[PDB]
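Colleague:
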């Protein structure tokens, strides 16, 4: 799994944090990206 601070992907990279956030920099920026 991707921990917070690590780059997740919307579909194919489940996070060990809540939702896969800021995964794509085009959505804003890749801050925690998980």
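Residue numbers (our numbering): 11 to 44. Every residue, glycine too, gets a C-beta built ideally from N, C-alpha and C.
(1) In angstroms, rounded to a whole number, what distance separates the CA positions of residue 44 and residue 23?
(2) Within a Cβ cutoff of 8 Å, which residues of the same chain sit near residue 30, ignoring the five residues on either side of it in sequence?
(3) Could you name the residues of the same chain whose beta carbon sits closer than 6 Å to that of residue 26, not counting the 5 residues immediately before and after it, in chain order?
(4) So what does residue 25 bridge to, in DSSP terms?
(5) Could you give the distance in angstroms between the alpha-carbon of residue 34 and the alpha-carbon of residue 15?
Modeller: On the basis of the coordinates in this document:
(1) 9 Å
(2) 12, 18, 19, 20, 23, 24 and 44
(3) 11 and 13
(4) 12
(5) 13 Å
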